[PDB]
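**Student:** The structure file start_13.txt (compact mmCIF, C-alpha atoms (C1' of nucleotides) and all ligand atoms) is provided below.
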```txt
# COMPACT_ATOMS: atom_id res chain seq x y z
CA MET A 1 19.35 4.56 -11.04
CA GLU A 2 16.20 6.21 -9.64
CA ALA A 3 14.71 4.72 -6.46
CA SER A 4 12.17 5.81 -3.82
CA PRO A 5 13.66 7.19 -0.53
CA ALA A 6 14.51 4.48 2.04
CA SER A 7 13.30 6.74 4.87
CA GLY A 8 9.83 5.20 4.37
CA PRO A 9 8.77 1.53 4.74
CA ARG A 10 9.57 -0.89 1.87
CA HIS A 11 5.80 -0.96 1.28
CA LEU A 12 6.19 -0.31 -2.46
CA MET A 13 2.85 -0.17 -4.31
CA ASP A 14 1.89 -3.46 -5.97
CA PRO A 15 3.33 -2.83 -9.52
CA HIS A 16 0.68 -5.06 -11.13
CA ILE A 17 -2.11 -2.85 -9.75
CA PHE A 18 -0.28 0.33 -10.77
CA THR A 19 -0.03 -0.91 -14.38
CA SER A 20 -3.52 -2.45 -14.17
CA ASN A 21 -5.11 0.94 -13.43
CA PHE A 22 -3.22 2.56 -16.33
CA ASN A 23 -3.58 -0.63 -18.42
CA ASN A 24 -5.75 1.65 -20.61
CA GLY A 25 -8.76 -0.50 -19.69
CA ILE A 26 -12.28 0.63 -18.70
CA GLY A 27 -13.21 0.14 -15.03
CA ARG A 28 -12.28 2.21 -11.95
CA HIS A 29 -14.20 2.23 -8.67
CA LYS A 30 -11.47 2.48 -5.98
CA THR A 31 -8.19 3.56 -7.62
CA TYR A 32 -5.66 5.59 -5.64
CA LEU A 33 -4.53 9.23 -5.40
CA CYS A 34 -0.83 10.05 -5.65
CA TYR A 35 0.36 13.45 -4.40
CA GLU A 36 3.77 15.15 -4.04
CA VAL A 37 5.00 18.35 -2.31
CA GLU A 38 7.86 20.57 -3.56
CA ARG A 39 9.32 23.76 -2.07
CA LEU A 40 10.12 26.62 -4.48
CA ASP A 41 13.32 28.57 -3.85
CA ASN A 42 13.65 31.92 -5.65
CA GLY A 43 12.00 30.31 -8.70
CA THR A 44 13.89 27.03 -8.12
CA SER A 45 11.93 23.89 -7.20
CA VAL A 46 13.51 22.15 -4.20
CA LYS A 47 12.38 18.86 -2.63
CA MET A 48 13.44 19.50 0.98
CA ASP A 49 11.19 17.15 2.99
CA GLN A 50 9.95 15.59 -0.26
CA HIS A 51 6.57 14.11 0.73
CA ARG A 52 5.47 11.38 -1.70
CA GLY A 53 2.75 8.79 -1.08
CA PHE A 54 -0.67 7.55 -2.19
CA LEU A 55 -4.22 7.43 -0.77
CA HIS A 56 -7.01 4.85 -1.22
CA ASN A 57 -10.46 6.02 -2.39
CA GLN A 58 -12.16 3.28 -0.36
CA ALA A 59 -12.92 4.82 3.05
CA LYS A 60 -14.11 2.03 5.34
CA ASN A 61 -14.51 2.62 9.12
CA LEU A 62 -17.98 2.56 10.70
CA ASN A 63 -16.49 2.61 14.21
CA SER A 64 -14.77 5.92 13.39
CA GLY A 65 -17.68 7.19 11.26
CA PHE A 66 -15.10 8.54 8.78
CA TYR A 67 -16.16 8.55 5.11
CA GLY A 68 -14.35 9.92 2.03
CA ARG A 69 -16.20 10.39 -1.27
CA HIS A 70 -12.90 11.15 -3.01
CA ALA A 71 -9.27 10.66 -1.97
CA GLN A 72 -8.73 14.37 -2.68
CA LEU A 73 -10.69 15.25 0.47
CA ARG A 74 -8.50 12.98 2.63
CA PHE A 75 -5.35 14.69 1.31
CA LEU A 76 -6.80 18.06 2.32
CA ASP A 77 -6.65 16.89 5.96
CA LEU A 78 -3.03 15.84 5.31
CA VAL A 79 -2.06 19.41 4.27
CA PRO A 80 -2.66 20.72 7.87
CA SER A 81 -0.48 17.90 9.18
CA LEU A 82 2.45 19.18 7.08
CA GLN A 83 1.74 22.70 8.41
CA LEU A 84 2.98 24.41 5.24
CA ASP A 85 4.20 27.97 5.83
CA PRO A 86 1.85 30.46 3.99
CA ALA A 87 4.85 32.80 3.52
CA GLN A 88 6.39 30.18 1.20
CA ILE A 89 4.90 28.77 -2.02
CA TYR A 90 4.73 24.96 -2.38
CA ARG A 91 3.85 23.06 -5.56
CA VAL A 92 1.43 20.21 -4.80
CA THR A 93 0.11 18.02 -7.63
CA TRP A 94 -2.60 15.34 -7.27
CA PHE A 95 -2.64 12.27 -9.54
CA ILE A 96 -6.04 10.55 -9.71
CA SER A 97 -7.63 8.24 -12.26
CA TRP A 98 -10.60 10.63 -12.56
CA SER A 99 -10.44 14.41 -12.35
CA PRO A 100 -14.12 15.54 -12.29
CA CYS A 101 -16.20 14.64 -9.24
CA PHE A 102 -19.55 15.60 -7.73
CA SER A 103 -19.73 16.80 -4.10
CA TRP A 104 -20.26 20.24 -2.53
CA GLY A 105 -17.79 19.35 0.25
CA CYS A 106 -15.10 18.30 -2.26
CA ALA A 107 -15.32 21.33 -4.55
CA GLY A 108 -16.53 23.50 -1.65
CA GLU A 109 -13.61 22.55 0.62
CA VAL A 110 -11.15 22.38 -2.29
CA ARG A 111 -12.21 25.79 -3.63
CA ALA A 112 -12.14 27.27 -0.11
CA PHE A 113 -8.64 25.87 0.48
CA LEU A 114 -7.29 27.59 -2.64
CA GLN A 115 -9.05 30.85 -1.71
CA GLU A 116 -7.71 30.68 1.86
CA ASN A 117 -4.24 29.71 0.59
CA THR A 118 -3.63 31.37 -2.79
CA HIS A 119 0.13 31.01 -2.14
CA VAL A 120 -0.30 27.30 -2.99
CA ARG A 121 -0.45 25.93 -6.55
CA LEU A 122 -2.69 22.87 -6.98
CA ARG A 123 -2.18 20.71 -10.10
CA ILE A 124 -4.50 17.79 -10.90
CA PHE A 125 -3.84 15.14 -13.55
CA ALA A 126 -6.94 13.67 -15.23
CA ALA A 127 -6.26 10.07 -16.25
CA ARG A 128 -9.96 9.35 -16.91
CA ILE A 129 -13.13 11.40 -17.47
CA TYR A 130 -15.59 11.21 -14.59
CA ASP A 131 -18.74 12.66 -16.08
CA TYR A 132 -22.08 11.49 -14.57
CA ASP A 133 -25.37 13.43 -14.25
CA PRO A 134 -25.46 16.84 -16.06
CA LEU A 135 -23.88 18.57 -13.04
CA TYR A 136 -20.72 16.93 -14.43
CA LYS A 137 -19.95 19.93 -16.65
CA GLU A 138 -20.86 22.40 -13.88
CA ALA A 139 -18.75 20.46 -11.35
CA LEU A 140 -15.59 21.06 -13.41
CA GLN A 141 -16.45 24.74 -13.86
CA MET A 142 -16.81 25.21 -10.08
CA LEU A 143 -13.57 23.31 -9.33
CA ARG A 144 -11.71 24.64 -12.39
CA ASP A 145 -12.56 28.13 -11.10
CA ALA A 146 -9.84 27.81 -8.43
CA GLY A 147 -8.02 24.76 -9.83
CA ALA A 148 -7.67 25.98 -13.44
CA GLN A 149 -4.78 23.49 -13.65
CA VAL A 150 -5.90 20.36 -15.54
CA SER A 151 -3.51 18.29 -17.70
CA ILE A 152 -3.71 14.78 -19.20
CA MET A 153 -1.10 12.32 -17.88
CA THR A 154 1.78 11.76 -20.34
CA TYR A 155 4.15 8.81 -20.88
CA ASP A 156 7.03 10.75 -19.30
CA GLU A 157 4.83 11.42 -16.24
CA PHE A 158 3.80 7.75 -16.02
CA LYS A 159 7.43 6.58 -16.15
CA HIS A 160 8.43 9.13 -13.50
CA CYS A 161 5.55 8.14 -11.22
CA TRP A 162 6.17 4.44 -11.91
CA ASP A 163 9.85 4.54 -10.90
CA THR A 164 9.17 7.15 -8.20
CA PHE A 165 6.29 5.19 -6.62
CA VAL A 166 7.37 1.74 -7.88
CA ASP A 167 10.94 0.47 -7.37
CA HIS A 168 11.90 -2.22 -9.91
CA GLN A 169 15.47 -3.46 -10.34
CA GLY A 170 16.37 -4.81 -13.81
CA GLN A 171 12.67 -4.39 -14.70
CA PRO A 172 11.99 -1.01 -16.41
CA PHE A 173 8.42 0.18 -17.06
CA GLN A 174 7.48 -0.64 -20.65
CA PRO A 175 5.22 2.06 -22.24
CA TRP A 176 2.38 1.02 -24.59
CA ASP A 177 1.62 2.91 -27.81
CA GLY A 178 -1.90 4.04 -26.84
CA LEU A 179 -1.45 7.39 -25.04
CA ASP A 180 -1.45 9.34 -28.32
CA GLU A 181 -4.83 7.93 -29.37
CA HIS A 182 -6.22 7.94 -25.81
CA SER A 183 -4.94 11.46 -25.12
CA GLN A 184 -6.56 12.67 -28.35
CA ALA A 185 -9.98 11.23 -27.43
CA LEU A 186 -9.77 12.47 -23.83
CA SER A 187 -8.12 15.71 -25.00
CA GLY A 188 -11.16 16.37 -27.20
CA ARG A 189 -13.36 16.24 -24.09
CA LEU A 190 -10.92 18.41 -22.11
CA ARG A 191 -11.14 21.25 -24.66
CA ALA A 192 -14.92 20.80 -24.95
CA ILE A 193 -15.32 21.40 -21.20
CA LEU A 194 -13.33 24.66 -21.42
CA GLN A 195 -15.22 25.67 -24.57
CA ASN A 196 -18.28 26.06 -22.32
CA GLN A 197 -16.57 29.32 -21.31
CA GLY A 198 -17.68 30.95 -24.58
CA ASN A 199 -21.30 29.93 -23.89
CA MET B 200 6.58 10.58 18.13
CA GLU B 201 4.82 7.19 18.00
CA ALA B 202 3.65 7.83 14.42
CA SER B 203 6.31 7.03 11.80
CA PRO B 204 8.29 10.11 10.55
CA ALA B 205 6.42 12.11 7.88
CA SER B 206 9.67 13.23 6.23
CA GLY B 207 9.60 9.91 4.35
CA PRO B 208 7.19 8.99 1.49
CA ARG B 209 3.55 8.69 2.64
CA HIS B 210 3.40 5.51 0.50
CA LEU B 211 2.41 3.81 3.78
CA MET B 212 -0.46 1.30 3.75
CA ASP B 213 -3.88 2.65 4.75
CA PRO B 214 -5.64 1.21 7.85
CA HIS B 215 -8.19 -0.49 5.61
CA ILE B 216 -5.52 -2.63 3.93
CA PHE B 217 -3.80 -3.34 7.26
CA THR B 218 -7.11 -4.35 8.88
CA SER B 219 -8.03 -6.44 5.82
CA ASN B 220 -4.79 -8.46 6.08
CA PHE B 221 -5.26 -8.90 9.84
CA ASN B 222 -8.69 -10.33 8.99
CA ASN B 223 -7.14 -13.78 9.59
CA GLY B 224 -9.44 -15.54 7.10
CA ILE B 225 -8.97 -18.88 5.29
CA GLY B 226 -7.35 -18.50 1.86
CA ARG B 227 -3.98 -18.38 0.06
CA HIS B 228 -1.73 -15.96 -1.86
CA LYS B 229 -1.77 -12.27 -0.84
CA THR B 230 0.40 -13.46 2.06
CA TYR B 231 1.58 -10.47 4.13
CA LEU B 232 5.18 -10.43 5.44
CA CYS B 233 6.53 -7.71 7.76
CA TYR B 234 10.19 -7.55 8.85
CA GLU B 235 12.16 -5.25 11.16
CA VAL B 236 15.91 -4.86 11.81
CA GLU B 237 17.37 -3.53 15.08
CA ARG B 238 21.04 -2.67 15.75
CA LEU B 239 22.37 -3.60 19.21
CA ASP B 240 24.96 -1.26 20.74
CA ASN B 241 26.89 -2.58 23.76
CA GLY B 242 23.65 -4.24 24.95
CA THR B 243 21.59 -1.22 23.83
CA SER B 244 19.02 -1.70 21.04
CA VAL B 245 19.37 1.03 18.41
CA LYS B 246 17.18 1.55 15.33
CA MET B 247 18.43 3.29 12.16
CA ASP B 248 16.53 6.12 10.44
CA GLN B 249 13.94 3.65 9.07
CA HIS B 250 14.79 0.20 7.65
CA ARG B 251 11.39 -1.35 8.42
CA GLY B 252 9.38 -2.69 5.45
CA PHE B 253 6.89 -5.37 4.37
CA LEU B 254 6.28 -7.62 1.33
CA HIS B 255 3.17 -9.28 -0.14
CA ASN B 256 2.28 -11.75 -2.91
CA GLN B 257 0.83 -8.83 -4.90
CA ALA B 258 -0.48 -9.97 -8.30
CA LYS B 259 1.02 -12.39 -10.85
CA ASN B 260 1.74 -12.30 -14.60
CA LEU B 261 3.33 -15.24 -16.45
CA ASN B 262 3.22 -13.21 -19.68
CA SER B 263 5.53 -10.65 -18.03
CA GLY B 264 7.70 -13.54 -16.78
CA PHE B 265 6.39 -13.22 -13.20
CA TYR B 266 7.30 -16.31 -11.12
CA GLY B 267 5.63 -17.34 -7.84
CA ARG B 268 8.35 -16.72 -5.22
CA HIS B 269 8.17 -16.34 -1.43
CA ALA B 270 8.65 -12.76 -0.16
CA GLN B 271 11.27 -14.21 2.20
CA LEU B 272 13.57 -14.80 -0.81
CA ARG B 273 13.44 -11.09 -1.74
CA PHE B 274 14.10 -10.09 1.88
CA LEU B 275 17.22 -12.24 1.95
CA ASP B 276 18.59 -10.13 -0.94
CA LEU B 277 17.75 -7.05 1.16
CA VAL B 278 20.06 -8.28 3.97
CA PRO B 279 23.22 -7.84 1.77
CA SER B 280 22.04 -4.32 0.91
CA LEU B 281 22.14 -3.44 4.63
CA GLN B 282 25.78 -4.64 4.65
CA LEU B 283 25.55 -6.02 8.20
CA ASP B 284 28.95 -6.60 9.86
CA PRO B 285 29.73 -9.84 11.80
CA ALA B 286 31.51 -7.84 14.53
CA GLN B 287 28.11 -6.40 15.55
CA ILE B 288 24.94 -8.29 16.56
CA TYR B 289 21.68 -7.42 14.76
CA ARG B 290 18.19 -8.54 15.80
CA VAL B 291 16.01 -9.24 12.75
CA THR B 292 12.44 -10.44 13.39
CA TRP B 293 10.03 -11.49 10.62
CA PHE B 294 6.25 -11.32 11.15
CA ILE B 295 4.19 -13.70 9.01
CA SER B 296 0.41 -14.27 9.23
CA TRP B 297 0.97 -17.99 8.54
CA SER B 298 3.92 -20.17 9.65
CA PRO B 299 3.66 -22.98 7.04
CA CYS B 300 5.73 -22.30 3.89
CA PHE B 301 7.34 -24.44 1.17
CA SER B 302 11.13 -24.66 1.58
CA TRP B 303 11.61 -23.56 -2.05
CA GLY B 304 14.59 -21.42 -0.96
CA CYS B 305 13.61 -19.65 2.28
CA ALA B 306 14.10 -22.63 4.62
CA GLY B 307 17.08 -23.90 2.59
CA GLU B 308 18.70 -20.45 2.34
CA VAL B 309 17.64 -19.61 5.91
CA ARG B 310 19.46 -22.64 7.31
CA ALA B 311 22.57 -21.78 5.28
CA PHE B 312 22.27 -18.06 6.13
CA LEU B 313 22.17 -18.80 9.88
CA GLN B 314 25.17 -21.15 9.55
CA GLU B 315 27.11 -18.51 7.57
CA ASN B 316 26.13 -15.81 10.10
CA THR B 317 25.55 -17.35 13.55
CA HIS B 318 26.20 -13.89 15.05
CA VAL B 319 22.68 -12.96 13.88
CA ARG B 320 19.57 -13.61 15.96
CA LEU B 321 16.45 -14.45 13.94
CA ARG B 322 13.03 -14.59 15.63
CA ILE B 323 9.99 -16.11 13.87
CA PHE B 324 6.44 -15.15 14.87
CA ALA B 325 3.46 -17.19 13.62
CA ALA B 326 0.19 -15.23 13.77
CA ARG B 327 -1.78 -18.22 12.41
CA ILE B 328 -0.97 -21.94 12.14
CA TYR B 329 -3.23 -23.87 9.73
CA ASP B 330 -2.28 -24.75 6.13
CA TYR B 331 -1.12 -28.37 5.92
CA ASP B 332 -0.90 -31.47 8.14
CA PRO B 333 2.44 -33.08 7.07
CA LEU B 334 4.26 -30.04 5.64
CA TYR B 335 3.25 -27.91 8.64
CA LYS B 336 4.72 -30.37 11.14
CA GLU B 337 7.89 -30.78 9.03
CA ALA B 338 8.02 -27.01 8.35
CA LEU B 339 8.27 -26.23 12.09
CA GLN B 340 10.84 -29.00 12.58
CA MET B 341 12.95 -27.65 9.68
CA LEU B 342 12.69 -24.02 10.87
CA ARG B 343 13.08 -25.10 14.50
CA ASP B 344 16.45 -26.68 13.63
CA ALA B 345 17.96 -23.27 12.74
CA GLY B 346 15.13 -21.01 13.97
CA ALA B 347 14.42 -22.68 17.33
CA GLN B 348 12.74 -19.37 18.24
CA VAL B 349 8.95 -19.50 17.74
CA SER B 350 6.73 -17.02 19.61
CA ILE B 351 3.23 -15.57 19.14
CA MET B 352 2.48 -11.83 19.11
CA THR B 353 0.02 -10.30 21.59
CA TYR B 354 -2.61 -7.59 21.01
CA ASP B 355 -0.15 -5.01 22.36
CA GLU B 356 2.29 -5.90 19.56
CA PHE B 357 -0.50 -5.56 16.97
CA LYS B 358 -1.37 -2.05 18.21
CA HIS B 359 2.28 -0.94 18.03
CA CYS B 360 2.72 -2.45 14.56
CA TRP B 361 -0.65 -1.08 13.42
CA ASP B 362 0.34 2.55 14.05
CA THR B 363 3.89 1.76 12.90
CA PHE B 364 2.83 1.14 9.28
CA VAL B 365 -0.67 2.69 9.39
CA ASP B 366 -0.68 6.46 8.80
CA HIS B 367 -3.39 7.31 11.36
CA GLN B 368 -3.01 10.29 13.72
CA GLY B 369 -5.40 10.63 16.69
CA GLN B 370 -7.11 7.41 15.50
CA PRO B 371 -6.31 4.56 17.97
CA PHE B 372 -6.55 0.99 16.64
CA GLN B 373 -9.82 -0.71 17.61
CA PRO B 374 -9.10 -4.42 18.42
CA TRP B 375 -11.81 -7.09 18.11
CA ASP B 376 -12.57 -9.56 20.92
CA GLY B 377 -10.99 -12.60 19.24
CA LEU B 378 -7.30 -12.52 20.25
CA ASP B 379 -7.99 -14.09 23.67
CA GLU B 380 -9.64 -17.13 22.09
CA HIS B 381 -6.98 -17.25 19.35
CA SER B 382 -4.16 -16.92 21.90
CA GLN B 383 -5.31 -20.15 23.55
CA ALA B 384 -5.55 -21.85 20.14
CA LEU B 385 -2.06 -20.70 19.09
CA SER B 386 -0.63 -21.42 22.55
CA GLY B 387 -2.09 -24.95 22.44
CA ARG B 388 -0.93 -25.44 18.84
CA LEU B 389 2.59 -24.05 19.48
CA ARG B 390 3.20 -26.22 22.57
CA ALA B 391 1.73 -29.16 20.64
CA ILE B 392 4.72 -29.08 18.28
CA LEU B 393 7.22 -29.01 21.17
CA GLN B 394 5.38 -31.93 22.78
CA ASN B 395 6.74 -34.05 19.91
CA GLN B 396 10.17 -33.64 21.55
CA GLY B 397 9.02 -35.75 24.52
CA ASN B 398 8.05 -38.55 22.11
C1' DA C 1 -12.44 -23.30 21.15
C1' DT C 2 -13.70 -22.51 15.31
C1' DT C 3 -15.40 -18.92 11.42
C1' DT C 4 -14.77 -14.87 7.17
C1' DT C 5 -11.66 -11.34 3.03
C1' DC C 6 -8.01 -9.89 -0.99
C1' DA C 7 -5.87 -12.60 -5.32
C1' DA C 8 -4.76 -16.02 -10.18
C1' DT C 9 -4.84 -18.51 -16.49
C1' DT C 10 -6.28 -18.70 -22.05
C1' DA D 1 -10.10 2.02 -29.51
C1' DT D 2 -13.02 3.10 -24.92
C1' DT D 3 -19.27 4.18 -22.34
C1' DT D 4 -15.62 3.37 -18.30
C1' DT D 5 -17.94 7.58 -14.11
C1' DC D 6 -13.44 7.97 -6.75
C1' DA D 7 -18.66 5.69 -1.93
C1' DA D 8 -19.59 0.26 1.25
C1' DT D 9 -21.01 -4.10 5.31
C1' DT D 10 -19.73 -7.73 8.76
ZN ZN E 1 -13.98 14.90 -5.28
ZN ZN E 2 8.84 -19.52 2.17
```
How does the structure come out when it is put into structure tokens?

**Tutor:**
Amino acid sequence: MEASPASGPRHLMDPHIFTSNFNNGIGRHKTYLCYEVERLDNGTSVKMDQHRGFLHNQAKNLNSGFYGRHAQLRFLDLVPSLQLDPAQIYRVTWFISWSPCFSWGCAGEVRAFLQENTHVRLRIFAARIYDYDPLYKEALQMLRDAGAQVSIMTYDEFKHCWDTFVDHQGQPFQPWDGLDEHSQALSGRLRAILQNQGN
Amino acid sequence: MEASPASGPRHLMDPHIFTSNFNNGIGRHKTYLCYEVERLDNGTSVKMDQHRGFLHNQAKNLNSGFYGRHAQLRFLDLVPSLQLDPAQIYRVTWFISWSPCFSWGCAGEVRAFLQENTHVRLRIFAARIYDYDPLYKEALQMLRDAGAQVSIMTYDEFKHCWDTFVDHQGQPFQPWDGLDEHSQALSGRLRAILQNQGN
DNA sequence: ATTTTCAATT
DNA sequence: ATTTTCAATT
């Protein structure tokens, strides 16, 4: 019986949208970013505060003049709020529909954050391939330089995130047989990007 | 602090979604429902760690067996979970953008729920009143019979609720100049229903 | 004083 | 199997 903590508002994420994004369909222009924080204890992962939530890529607000090209940047401002202790190592993983992105501030701020805080491990799950202009391959190399942690989402991860972020009673998440074929096609691109290391 | 505790899941709704729902436009579905429970203690209001929450129409899916049901029905099942005791008095207030609603089971169950638990005070707030001509008049009369408590929320309540569910720090809510005109409309519409009592 | 959005089948 | 590619105003 897994369920999300009741300490937060019963604002569960619309399950239809969660499955719609991972419906294995083509089309994503405003998905969401899911992130989690864990505290390591002598090599043992411990979820003390356990911070779990999601962010919207759409950044509207002309009155505030706040804009966010990618939800990853918004989460960076959330790290300071948590005030993580540099003397301790925390495992933070980001779940976004697309992993690669173009933006000096994104990779620049993200790379600087890892360099300023090497005691933090950043894991990013690539559900889709965001290529774009040629700088697409270079963008991953610049980000992968500090975030050399890229992995394709798996069924077990989807079920965990579904029950963790989505609370359904008597209605279990039903997996579709398409991750093996989709992971293979996307996996081919993932290895091709790293192959650029040879030349 | 005024901001909701961060120890709970950040799965809170972003200010863009909250502002979009408060758009107060003409349409249907996507209804937003917010509810709050307070525990009275010897005449002293006391709130638990965090039992606040909200529900929405979300998406549909007949193929998955999804049925169109009012969020109020799901909330009623949440009352039992709280295991409220009749020896204590609890103040539960539901915030709905629209007042009109089909008595599929909310009005019918609500009338029975109040009769089964008269030691519970239920307040109903109608942010907007415009959906039907005959059902709307009857809807208020049916709810008024057991929920003879109808009040409108002011801008101050919106600001408190905005930061309550919105995860914004240092970013005050910017209200639009339209509540004053709407207050007169709702005030005139609300008293219009009571005027039927005179004749 | 009123006006506008999101969303849904085969 | 796929050509999808994170932003916004009023
Ligand atoms: Zn980015
Ligand atoms: Zn109803």

**Student:** Please give me, as a list in words, the residues lying within 6 Å of ligand ZN 2 (chain E) when counting all atoms listed in the file.

**Tutor:** residues 269, 271, 300, 301, 302 and 305 of chain B

**Student:** Step by step, measure atom-to-atom distances between ligand ZN 1 (chain E) and each residue using only C-alpha atoms (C1' of nucleotides) and all ligand atoms, keep those at most 10 Å, then write them as a PyMOL selection string.

**Tutor:** (chain A and resi 57+68-74+98-110+139+143) or (chain D and resi 6)

**Student:** Excluding same-chain residues fewer than 2 positions from residue C:3, what lies within 10 Å of it counting only C-alpha atoms (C1' of nucleotides), as a PyMOL selection string?

**Tutor:** chain B and resi 223-225

**Student:** After a least-squares superposition of chain A onto chain B, with every Cα atom paired in order, give the RMSD to one decimal place.

**Tutor:** 2.0 Å

**Student:** Could you give me, as a list in words, the residues within 10 Å of residue B:238, counting only C-alpha atoms (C1' of nucleotides) and dropping anything in the same chain fewer than 3 positions from it?

**Tutor:**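 Near neighbours after the sequence-gap exclusion: residues 241, 242, 243, 244, 245, 246, 247, 283, 287, 288, 289, 290 and 291 of chain B.
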
**Student:** Taking all atoms listed in the file into account, report as number ranges by chain which residues of chain B lie within 12 Å of chain C.

**Tutor:** B: 215-231, 255-262, 265, 267, 329, 377-385, 387-388

**Student:** Using only C-alpha atoms, which residue out of B:390, B:367, B:318, B:310 lies closest to chain A?

**Tutor:**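 Ranked by minimum distance to chain A, first place goes to B:367.
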
**Student:** Tell me, in Å to one decimal, how far atom CA of residue B:325 is from atom CA of residue B:389.

**Tutor:**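 Rounded to one decimal, the two atoms are 9.1 Å apart.
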
**Student:** One number please: atom CA of residue A:152 to atom CA of residue A:33, in Å, one decimal.

**Tutor:**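 Result for atom CA of residue A:152 versus atom CA of residue A:33: 14.9 Å, one decimal.
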
**Student:** Could the residues of chain B that have an atom at most 6 Å from chain A be listed as a tab-separated table, each with its closest atom pair and the distance in Å to one decimal, counting all atoms listed in the file and ordered by chain and ascending residue number?

**Tutor:**
```
residue	atom	partner	partner_atom	distance
B:206	CA	A:49	CA	5.3
B:207	CA	A:8	CA	4.7
B:208	CA	A:52	CA	4.3
B:209	CA	A:53	CA	3.8
B:210	CA	A:53	CA	3.7
B:249	CA	A:7	CA	5.3
B:251	CA	A:9	CA	5.4
B:252	CA	A:10	CA	4.0
B:253	CA	A:11	CA	5.5
B:257	CA	A:14	CA	5.6
B:258	CA	A:16	CA	5.8
```

**Student:** Where atoms are missing, can you supply N, CA, C and O atoms for stretch 183-194 of chain A and output the lot as a PDB file, in the frame of the given file?

**Tutor:**
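Written file, result-v8.pdb:
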```pdb
ATOM      1  N   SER A 183      -5.037  10.021 -25.465  1.00  0.00           N
ATOM      2  CA  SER A 183      -4.940  11.460 -25.120  1.00  0.00           C
ATOM      3  C   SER A 183      -5.777  12.276 -26.096  1.00  0.00           C
ATOM      4  O   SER A 183      -6.424  13.235 -25.728  1.00  0.00           O
ATOM      5  N   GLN A 184      -5.769  11.908 -27.347  1.00  0.00           N
ATOM      6  CA  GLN A 184      -6.560  12.670 -28.350  1.00  0.00           C
ATOM      7  C   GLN A 184      -8.050  12.562 -28.020  1.00  0.00           C
ATOM      8  O   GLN A 184      -8.764  13.546 -28.005  1.00  0.00           O
ATOM      9  N   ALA A 185      -8.530  11.379 -27.758  1.00  0.00           N
ATOM     10  CA  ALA A 185      -9.980  11.230 -27.430  1.00  0.00           C
ATOM     11  C   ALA A 185     -10.289  11.985 -26.142  1.00  0.00           C
ATOM     12  O   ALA A 185     -11.205  12.781 -26.084  1.00  0.00           O
ATOM     13  N   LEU A 186      -9.524  11.755 -25.111  1.00  0.00           N
ATOM     14  CA  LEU A 186      -9.770  12.470 -23.830  1.00  0.00           C
ATOM     15  C   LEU A 186      -9.480  13.962 -24.022  1.00  0.00           C
ATOM     16  O   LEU A 186     -10.179  14.811 -23.506  1.00  0.00           O
ATOM     17  N   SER A 187      -8.456  14.282 -24.764  1.00  0.00           N
ATOM     18  CA  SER A 187      -8.120  15.710 -25.000  1.00  0.00           C
ATOM     19  C   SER A 187      -9.304  16.412 -25.658  1.00  0.00           C
ATOM     20  O   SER A 187      -9.599  17.556 -25.373  1.00  0.00           O
ATOM     21  N   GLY A 188      -9.992  15.735 -26.535  1.00  0.00           N
ATOM     22  CA  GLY A 188     -11.160  16.370 -27.200  1.00  0.00           C
ATOM     23  C   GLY A 188     -12.173  16.766 -26.123  1.00  0.00           C
ATOM     24  O   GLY A 188     -12.728  17.845 -26.136  1.00  0.00           O
ATOM     25  N   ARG A 189     -12.408  15.902 -25.177  1.00  0.00           N
ATOM     26  CA  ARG A 189     -13.360  16.240 -24.090  1.00  0.00           C
ATOM     27  C   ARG A 189     -12.795  17.369 -23.226  1.00  0.00           C
ATOM     28  O   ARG A 189     -13.513  18.238 -22.776  1.00  0.00           O
ATOM     29  N   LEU A 190     -11.516  17.351 -22.972  1.00  0.00           N
ATOM     30  CA  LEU A 190     -10.920  18.410 -22.110  1.00  0.00           C
ATOM     31  C   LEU A 190     -11.153  19.791 -22.735  1.00  0.00           C
ATOM     32  O   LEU A 190     -11.550  20.722 -22.066  1.00  0.00           O
ATOM     33  N   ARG A 191     -10.918  19.931 -24.010  1.00  0.00           N
ATOM     34  CA  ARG A 191     -11.140  21.250 -24.660  1.00  0.00           C
ATOM     35  C   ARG A 191     -12.634  21.568 -24.702  1.00  0.00           C
ATOM     36  O   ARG A 191     -13.043  22.706 -24.579  1.00  0.00           O
ATOM     37  N   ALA A 192     -13.453  20.569 -24.885  1.00  0.00           N
ATOM     38  CA  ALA A 192     -14.920  20.800 -24.950  1.00  0.00           C
ATOM     39  C   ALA A 192     -15.412  21.371 -23.615  1.00  0.00           C
ATOM     40  O   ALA A 192     -16.263  22.237 -23.574  1.00  0.00           O
ATOM     41  N   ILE A 193     -14.885  20.888 -22.528  1.00  0.00           N
ATOM     42  CA  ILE A 193     -15.320  21.400 -21.200  1.00  0.00           C
ATOM     43  C   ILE A 193     -14.957  22.881 -21.090  1.00  0.00           C
ATOM     44  O   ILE A 193     -15.744  23.693 -20.650  1.00  0.00           O
ATOM     45  N   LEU A 194     -13.765  23.233 -21.490  1.00  0.00           N
ATOM     46  CA  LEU A 194     -13.330  24.660 -21.420  1.00  0.00           C
ATOM     47  C   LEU A 194     -14.107  25.501 -22.432  1.00  0.00           C
ATOM     48  O   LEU A 194     -14.366  26.667 -22.221  1.00  0.00           O
TER      49      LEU A 194
END
```
